[PDB]
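Novice: Dropping the structure in here first, questions after.
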Ligand SMILES: [Zn+2]
């Protein structure tokens with residue numbers, strides 16, 4: 001009986017709950033901990049999309065391998081974004097868009113709005129209720145932005161350099177006067193160029209960076225092979241991977257862990273950076 005809303009990533013899974021609460025029935029396609037860049041829609045998945053009353057996804061080719069299915073049946077929460085909002089890099093000609101918009105709280109608040117207006121119009125009777133829920137979460141995102149700022153303000157200008165497995169924090173860095181390096185491009189669907197590894201090594205050396213970060217969606221070996229190369233130039237920069245020491249880029253944490261919800265996933269990321277960068 002409850003409306004069925006298919007949802008690509010754990011990100012959206014959280015958002016909708018935050019907004020619609022228990023009023024709708026959520027169909028998460030990509031399990032937390034998996035990588036949407038590579039996810040390939042299986043029969044069951046396409047089925048979920050088909051059976052869905054509403055389908056919500058990021059867009060910007062984030063899902064990477066379901067554009068020709070989501071664009072057909074679903075609504076990208078990034079439909080309202082404008083050109084200047086976008087981050088754009090280069091890759092074999094073109095002007096490739098950076099999908100990791102959610103670390104730009106403003107952009108995420110935008111997404112939240114689209115999601116709200118789609119759950120409203122899906123539940124006419126719960127529209128005001130949802131709008132009320134939306135406002136409360138918008139404000140929580142507001143408070144969050146202030147939290148991150150105050151939290152980051154403890155990291156020295158010279159230490160404002162983030163190193164991650166791939167380019168997924170451009171929107172983040174842009175929001176808080178940060179510089180991001182990554183041995184990989186915007187998508188994770190490509191071989192780790194050994195020339196970008198070195199590029200990164202030299203960047204670490206240039207800026208005397210003593211901490212490179214690890215993420216839950218990719219193999220941390222890459223960052224340990226990156227650490228080894230640095231030391232090969234002596235060279236010595238810690239790898240933040242340990243246990244529970246992972247940044248979330250392309251996914252939240254499994255319900256329910258510390259990176260459970262979006263705002264918590266955010267705080268987790270932030271605290272982690274300050275600890276090894278401050
Ligand atoms: Zn990514």
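Novice: Give the residues of region 182-206 that are within 15 Å of the ligand (Cβ to nearest atom) and in contact with a strand residue (DSSP E or B) (Cβ under 9 Å, 6 or more places away or on another chain), sorted by residue number.
Specialist: 182, 183, 185, 186, 187
Novice: May I ask you to say which residue of 113, 76 is surrounded by fewer than 17 Cβ atoms within 10 Å (Cβ to Cβ) and either within 16 Å of the ligand (Cβ to nearest atom) or under 23 Å from residue 20 (Cβ atoms) (or both)? Give the derivation first.
Specialist: On the way: 76 fails: surrounded by fewer than 17 Cβ atoms within 10 Å (Cβ to Cβ).
None of the other options fit; the residue is 113.
Novice: Determine which member of the set 29, 12, 46, 56 is buried (at least 17 other Cβ atoms within 10 Å of the Cβ), more than 13 Å from the ligand (Cβ to nearest atom), free of Cβ contacts under 8 Å to residues at least 60 places away in the same chain and assigned by CATH to the domain that holds residue 133. It would help to see each step written out before you state the result.
Specialist: Details: 12 fails: free of Cβ contacts under 8 Å to residues at least 60 places away in the same chain; 46 fails: buried (at least 17 other Cβ atoms within 10 Å of the Cβ); 56 fails: free of Cβ contacts under 8 Å to residues at least 60 places away in the same chain.
The unique qualifying residue is 29.
Novice: Looking at region 111-129, is at least one residue farther than 23 Å from residue 25 by Cβ and either in contact with a helix residue (DSSP H, G or I) (Cβ under 8 Å, 6 or more places away or on another chain) or assigned by CATH to the domain that holds residue 46 (or both)?
Specialist: The initial filter retains those residues of region 111-129 that are farther than 23 Å from residue 25 by Cβ, namely none.
For region 111-129, residues farther than 23 Å from residue 25 by Cβ and either in contact with a helix residue (DSSP H, G or I) (Cβ under 8 Å, 6 or more places away or on another chain) or assigned by CATH to the domain that holds residue 46 (or both): absent.
Novice: Okay, moving on. Test each condition in (1) more than 9 Å from the ligand (Cβ to nearest atom); (2) buried (at least 17 other Cβ atoms within 10 Å of the Cβ); (3) in contact (Cβ under 8 Å) with a residue 60 or more places away in the chain for residue 154 and report the one that comes out false.
Specialist: Among (1) more than 9 Å from the ligand (Cβ to nearest atom); (2) buried (at least 17 other Cβ atoms within 10 Å of the Cβ); (3) in contact (Cβ under 8 Å) with a residue 60 or more places away in the chain, the lone unmet condition for residue 154 is (2).
Novice: In region 92-102, which residues are farther than 18 Å from residue 63 by Cα and within 16 Å of the ligand (Cβ to nearest atom)?
Specialist: Matches in region 92-102: none.
Novice: Hey, another quick one. Can you confirm whether residue 259 is within 28 Å of residue 29 (Cβ to Cβ), loosely packed, with under 15 Cβ neighbours inside 10 Å and within 20 Å of the chain's Cα centre (by Cα)?
Specialist: no
Novice: Would you point out the residue of region 124-139, among those that are under 14 Å from residue 113 (Cα atoms) and buried (at least 17 other Cβ atoms within 10 Å of the Cβ), that is nearest to the chain's Cα centre (by Cα)? Spell out how you get there, then give the answer.
Specialist: First, pick out the residues of region 124-139 that are under 14 Å from residue 113 (Cα atoms): 127-128, 130-139.
Filter once more, keeping what is buried (at least 17 other Cβ atoms within 10 Å of the Cβ): 130, 133-134, 137.
Numbers: 130: 24, 133: 23, 134: 20, 137: 18 Å.
Selected residue: 137.
Novice: So, restricting to strands (runs of 3 or more DSSP E) that lie completely within region 159-276, which ones have at least 2 residues that are touching a residue at least 40 places away in the same chain (Cβ under 8 Å)?
Specialist: Hits in region 159-276: 161-163, 211-213.
Novice: Let me ask something else about it. For region 15-26, give me the residue count where each residue is buried (at least 16 other Cβ atoms within 10 Å of the Cβ) and touching a helix residue (DSSP H, G or I) at 6+ places or on another chain (Cβ under 9 Å). Can you show your working first?
Specialist: From region 15-26, those buried (at least 16 other Cβ atoms within 10 Å of the Cβ) are 15-20, 23-24, 26; that's our starting set.
From the residues that got through so far, the ones that are touching a helix residue (DSSP H, G or I) at 6+ places or on another chain (Cβ under 9 Å) too are 15-16, 18-20, 23-24, 26.
The total comes to 8.
Basis: the model, the stated rules and, where named, an outside source; these are not laboratory values. No Cβ is skipped: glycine too gets one built from the backbone with ideal geometry, and neighbour counts run over all protein chains shown.
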